[PDB]
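Trainee: Below you'll find the structure I mean.
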Amino acid sequence: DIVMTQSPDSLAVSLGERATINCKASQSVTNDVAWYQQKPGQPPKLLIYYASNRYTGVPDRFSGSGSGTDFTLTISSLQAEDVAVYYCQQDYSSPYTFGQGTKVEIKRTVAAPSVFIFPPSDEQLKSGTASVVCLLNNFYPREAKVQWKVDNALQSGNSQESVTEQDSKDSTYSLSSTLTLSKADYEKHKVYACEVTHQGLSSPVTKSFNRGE
Amino acid sequence: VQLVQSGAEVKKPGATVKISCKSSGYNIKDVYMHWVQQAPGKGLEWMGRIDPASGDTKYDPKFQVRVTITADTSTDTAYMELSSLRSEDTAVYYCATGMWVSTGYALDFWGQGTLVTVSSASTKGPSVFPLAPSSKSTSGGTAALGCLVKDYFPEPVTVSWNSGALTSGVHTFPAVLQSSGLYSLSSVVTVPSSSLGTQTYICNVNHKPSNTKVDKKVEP
Numbered sequence: 044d045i046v047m048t049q050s051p052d053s054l055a056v057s058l059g060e061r062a063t064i065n066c067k068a069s070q071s072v073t074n075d076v077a078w079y080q081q082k083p084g085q086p087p088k089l090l091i092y093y094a095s096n097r098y099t100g101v102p103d104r105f106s107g108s109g110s111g112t113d114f115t116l117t118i119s120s121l122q123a124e125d126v127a128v129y130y131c132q133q134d135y136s137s138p139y140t141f142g143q144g145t146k147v148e149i150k151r152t153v154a155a156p157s158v159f160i161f162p163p164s165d166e167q168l169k170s171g172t173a174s175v176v177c178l179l180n181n182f183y184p185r186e187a188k189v190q191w192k193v194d195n196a197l198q199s200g201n202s203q204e205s206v207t208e209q210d211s212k213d214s215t216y217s218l219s220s221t222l223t224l225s226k227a228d229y230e231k232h233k234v235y236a237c238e239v240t241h242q243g244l245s246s247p248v249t250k251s252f253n254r255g256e
Numbered sequence: 291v292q293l294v295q296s297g298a299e300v301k302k303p304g305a306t307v308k309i310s311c312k313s314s315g316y317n318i319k320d321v322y323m324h325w326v327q328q329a330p331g332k333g334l335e336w337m338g339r340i341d342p343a344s345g346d347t348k349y350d351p352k353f354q355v356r357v358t359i360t361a362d363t364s365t366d367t368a369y370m371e372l373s374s375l376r377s378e379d380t381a382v383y384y385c386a387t388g389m390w391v392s393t394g395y396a397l398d399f400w401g402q403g404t405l406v407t408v409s410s411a412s413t414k415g416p417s418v419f420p421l422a423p424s425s426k427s428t429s430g431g432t433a434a435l436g437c438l439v440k441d442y443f444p445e446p447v448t449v450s451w452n453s454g455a456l457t458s459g460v461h462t463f464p465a466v467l468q469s470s471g472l473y474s475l476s477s478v479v480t481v482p483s484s485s486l487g488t489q490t491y492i493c494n495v496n497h498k499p500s501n502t503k504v505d506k507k508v509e510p
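First to last, the protein sequences are chains A and B.
Going left to right, the first sequence walks through residues 44 to 256 as the numbering used here numbers them.
Going left to right, the second sequence walks through residues 291 to 510 as the numbering used here numbers them.
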């Protein structure tokens, strides 16, 4: 019933730059706030408690500040291991609400994806459904748009996306989109194309095949 | 000092679960135990606390109605029970606690996580289909191959290439739940195209819940 709004929702900083998250409580909360760090898979870690006290073992990079309703976590010089989501939490009163979290990620030079397109296996067409798969691998930043078109017809409700975690070496993202349709629909139509829009692209790149080739 | 939680569960809608969480190394009854929920790709959300000495619980209204937290000081383990399960209850559940803070109810110690899935879907191994480009010329010297791993339940699957021999350039995607009620993902790998198909690229998929290891030779 106290609401912890933190911003930004996503932070991208170069290796060794500073990192500022902050948190706004809906209601004066004194010094009674902790920050935590979570990484994919792992349970969370406590970094600061009581607004500005490093839990022993946590290194000097991390420091918290503020009291009342406006609080901030600082990361002096980001490092490879600091990529994670960062959460804010109040222990002032009845329900100890967390914030929604800030994703902190390594800034990288921009890079467009390499787009690849896969037609369905004859092996799958026997079961009576066709999955067409478009793969944009190794791009940064994550923000990417991808539209399916079957014979020039913008597809709408019939596909799904998935996205990797940022890469340890590359600091890049890969994405796949999968268009599902029936064997009939697949056999009636002819040109299957995905079209990708991204910062690093100077204008959209289409990858396409025609079924019968 | 460790909190060890119980294993992943798969539960029909309208069922009830009791996740446990056991504590070594410190006196359970001297400190609070908190449970927290994390919906797939969402934030942490505080469910409720319990005082094992008293039995005294506080909850979040969101969770009061349907969640009961209890603690058994005889086994130094704390339990969490949701009734009237629901697909949106699918999330990882954490017990947590604080006892080396020294000034606050902040939680320095957390469990593995315990995954609860709620689904009407039945246990089912995946069907595996090769992702290769049309033809062939193809790139260069750079092509992508892969594996559509489709229609399985529950999670998880282990994908690998060439029985582990091949790790570079491989990305296995976060599984995705379809309207089936079943999971589908794919695994892909960048390779040098001049080297193709001098080398075969087999792709090994393992779904322990349905006792299923399968294998695809991928070729364009």
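Even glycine gets a Cβ: it sits at the ideal position worked out from N, Cα and C.
Out of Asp134(A), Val175(A) and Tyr130(A), which has the shortest C-alpha to C-alpha gap to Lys233(A)?
Mentor: Here the question's residue 233(A) lines up with position 190 in the first sequence. Here the closest residue by C-alpha is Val175(A).
Trainee: Just to confirm my understanding: we take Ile45(A), look at its own chain, exclude 5 residues before and 5 after, and list those with CB closer than 7 Å. What are they?
Mentor: As a first step, residue 45(A) is located in the first sequence; it is residue number 2 there, counting from the start. Closer than 7 Å at Cβ, skipping near neighbours: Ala68, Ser69, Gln70, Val72, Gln133, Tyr135, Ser136 and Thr140.
Trainee: Just checking: is the beta-carbon of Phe105(A) within a distance shorter than 8 Å of some beta-carbon in chain B?
Mentor: On the first sequence, position 62 is the one that residue 105(A) refers to. So, not an interface residue.
Trainee: Out of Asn195(A), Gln209(A), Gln80(A) and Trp191(A), point me to the one whose CA is closest to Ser202(A)'s CA.
Mentor: Counting from one through the first sequence, the residue named residue 202(A) turns up at place 159. Selected option, being the one with the closest Cα: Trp191(A).
Trainee: Could you work out which residues of chain A lie near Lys348(B), taking near to mean beta carbons separated by less than 8 Å?
Mentor: Sequence index remark: in the second sequence, residue 348(B) carries index 58 (1-based). Those are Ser137 and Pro138, listed as they occur along chain A.
Trainee: Listed in chain order, which residues of the region 240-253 of chain A have Cβ atoms closer than 8 Å to some Cβ of chain B?
Mentor: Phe252
Trainee: Measure the Cβ-Cβ separation of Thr432(B) and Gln295(B) and say whether it is below 8 Å.
Mentor: Sequence index remark: in the second sequence, residue 432(B) carries index 142 (1-based). Sequence index remark: in the second sequence, residue 295(B) carries index 5 (1-based). At least 8 Å separates the beta-carbon of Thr432(B) from that of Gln295(B).
Trainee: Would you list, in chain order, the members of the region 97-130 of chain A that have their beta-carbon closer than 9 Å to a beta-carbon of chain B?
Mentor: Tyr98, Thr99, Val128 and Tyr130
Trainee: Could you tell me whether the region 386-400 of chain B touches the region 229-249 of chain A, using the rule of 3 or more Cβ pairs below 8 Å?
Mentor: no
Trainee: Could you please give me the residues that DSSP links to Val355(B) through a beta bridge?
Mentor: Within the second sequence, numbered from 1, the residue matching residue 355(B) stands at position 65. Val355(B) pairs with nothing; no bridge assigned.
Trainee: Determine the closest residue to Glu238(A) out of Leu178(A), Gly84(A), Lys231(A) and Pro138(A), with distance taken between C-alpha atoms.
Mentor: The residue you call residue 238(A) lines up with position 195 of the first sequence. For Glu238(A), the nearest C-alpha among the options comes from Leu178(A).
Trainee: Given that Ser214(A) touches chain B, what residues does it touch there, using C-beta distances under 9 Å?
Mentor: As a working mapping, residue 214(A) is identified with position 171 in the first sequence. Per Cβ cutoff of 9 Å: no residues; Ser214(A) is ~14 Å from chain B at best.
Trainee: Going along the chain, which residues of the region 373-401 of chain B sit with their C-beta nearer than 7 Å to a C-beta in chain A?
Mentor: Within the region 373-401 of chain B, the residues whose Cβ lies closer than 7 Å to some Cβ of chain A are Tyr384, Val391, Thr393, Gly394, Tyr395, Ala396, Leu397, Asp398, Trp400 and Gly401, listed in chain order.
Trainee: Looking at the C-beta of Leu222(A), does it have a partner C-beta in chain B at a distance below 8 Å?
Mentor: Along the first sequence, read from residue 1 onward, the residue named residue 222(A) stands at position 179. Judged by the 8 Å Cβ criterion, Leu222(A) is not in contact with chain B.
Trainee: Do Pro420(B) and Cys437(B) have their C-beta atoms within less than 8 Å of each other?
Mentor: Taking the second sequence and counting its residues from 1, one reaches residue 420(B) at position 130. Taking the second sequence and counting its residues from 1, one reaches residue 437(B) at position 147. Going by C-beta atoms, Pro420(B) is nearer than 8 Å to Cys437(B).
Trainee: I want to see whether chain A comes within less than 8 Å of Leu438(B), judged by CB atoms only; does it?
Mentor: If you number the second sequence from 1, residue 438(B) lands on position 148. Yes, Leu438(B) counts as interfacial toward chain A.
Trainee: Rounded to whole angstroms, what's the CA-CA distance from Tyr322(B) to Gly345(B)? Just pull it up for me.
Mentor: If you number the second sequence from 1, residue 322(B) lands on position 32. If you number the second sequence from 1, residue 345(B) lands on position 55. In a straight line, the C-alpha of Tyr322(B) is about 11 Å away from that of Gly345(B).
Trainee: Using only the alpha-carbon positions, how far apart do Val504(B) and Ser417(B) sit?
Mentor: Position 214 of the second sequence, counted from the first residue, corresponds to residue 504(B). Position 127 of the second sequence, counted from the first residue, corresponds to residue 417(B). Cα to Cα, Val504(B) sits roughly 9 Å from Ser417(B).
Trainee: So, at 8 Å on beta carbons, what are the nonlocal neighbours of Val466(B) in its own chain, with the 5 sequence-adjacent residues on each side left out?
Mentor: Numbered from its first residue, the second sequence carries residue 466(B) at position 176. Cβ within range, chain order: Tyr473, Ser474 and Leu475.
Trainee: Let me see if you follow: with CB-CB separation under 8 Å, is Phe182(A) close to chain B or not?
Mentor: As a position in the first sequence, residue 182(A) is number 139, starting the count at 1. Not closer than 8 Å to any Cβ of chain B, the Cβ of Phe182(A) fails to qualify, so no.
Trainee: Any C-beta of chain A sitting closer than 8 Å to the C-beta of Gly431(B)?
Mentor: Your numbering for residue 431(B) matches position 141 in the second sequence. No, no contact with chain A.
Trainee: Please work out which residues of its chain come closer than 6 Å, Cβ to Cβ, to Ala298(B), disregarding the five sequence neighbours upstream and downstream, and give them in chain order.
Mentor: Here the question's residue 298(B) lines up with position 8 in the second sequence. So the qualifying residues of the chain are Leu405.
Trainee: If we cut at 8 Å on Cβ distances, does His497(B) have a partner in chain A?
Mentor: On the second sequence, residue 497(B) is found 207 positions in, with the first residue counted as 1. Residue-level contact check: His497(B) does not touch chain A, since none of the beta carbons of chain A fall below 8 Å from its beta carbon.
Trainee: Expressed to the nearest angstrom, what Euclidean distance is found between the alpha-carbon atoms of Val300(B) and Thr407(B)?
Mentor: Taking the second sequence and counting its residues from 1, one reaches residue 300(B) at position 10. Taking the second sequence and counting its residues from 1, one reaches residue 407(B) at position 117. Near 5 Å, if we compare the C-alpha coordinates of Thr407(B) and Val300(B).
Trainee: Can you give the beta carbon distance from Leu334(B) to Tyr130(A), rounded, assuming they're within the 8 Å contact cut?
Mentor: On the second sequence, residue 334(B) is found 44 positions in, with the first residue counted as 1. On the first sequence, residue 130(A) is found 87 positions in, with the first residue counted as 1. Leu334(B) to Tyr130(A), Cβ: 6 Å. Contact.
Trainee: Can you pull the chain B neighbours of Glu166(A), defined as C-beta to C-beta under 8 Å?
Mentor: Along the first sequence, one-based indexing puts residue 166(A) at 123. Those within 8 Å of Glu166(A) in chain B are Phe419 and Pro420.
Trainee: Check this for me: beta carbons of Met370(B) and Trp325(B), under 8 Å apart or not?
Mentor: Counting from 1 along the second sequence, the entry for residue 370(B) is found at position 80. Counting from 1 along the second sequence, the entry for residue 325(B) is found at position 35. Yes; because the gap between Cβ atoms is below 8 Å, this pair is in contact.
Trainee: Is the Cβ of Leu54(A) closer than 8 Å to any Cβ of chain B?
Mentor: One-based indexing of the first sequence puts residue 54(A) at position 11. Not closer than 8 Å to any Cβ of chain B, the Cβ of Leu54(A) fails to qualify, so no.
Trainee: Helix, strand or coil for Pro83(A) per DSSP?
Mentor: Within the first sequence, residue 83(A) is the residue found at index 40, counting from 1. Note: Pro83(A) maps to coil in three-state DSSP.
Trainee: Give me the residue from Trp451(B), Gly471(B) and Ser469(B) with the minimum Cα distance to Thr462(B).
Mentor: On the second sequence, residue 462(B) is found 172 positions in, with the first residue counted as 1. That would be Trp451(B), whose Cα lies nearest to the Cα of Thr462(B).
Trainee: Could you give the DSSP three-state label for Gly454(B): helix, strand or coil?
Mentor: Within the second sequence, the letter at position 164 stands for residue 454(B). If DSSP states are grouped into helix, strand and coil, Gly454(B) belongs with the helices.
Trainee: Taking CB distances under 8 Å as the criterion, tell me whether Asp228(A) reaches chain B.
Mentor: Numbered from 1 along the first sequence, position 185 holds the residue referred to as residue 228(A). No, its Cβ sits nowhere closer than 8 Å to a Cβ of chain B.
Trainee: So which residues of chain B does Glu256(A) contact, with C-beta pairs closer than 9 Å?
Mentor: Here residue 256(A) refers to the residue found at position 213 of the first sequence. By Cβ distance, chain B contributes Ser424 and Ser425.
Trainee: Of the residues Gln354(B), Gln402(B), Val481(B) and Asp350(B), which one's Cα is nearest the Cα of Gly430(B)?
Mentor: Looking up residue 430(B) in the second sequence gives position 140. Nearest C-alpha to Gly430(B): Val481(B).
Trainee: Just list the residues that DSSP pairs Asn96(A) with in beta bridges.
Mentor: Within the first sequence, numbered from 1, the residue matching residue 96(A) stands at position 53. DSSP, once it has assigned bridges, lists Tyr92(A) as partnering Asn96(A).
Trainee: Would you please verify whether the beta carbon of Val153(A) is less than 8 Å from any beta carbon of chain B?
Mentor: The residue labelled residue 153(A) in the question sits at position 110 within the first sequence. For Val153(A), the answer is no, since every Cβ of chain B falls outside 8 Å of its Cβ.
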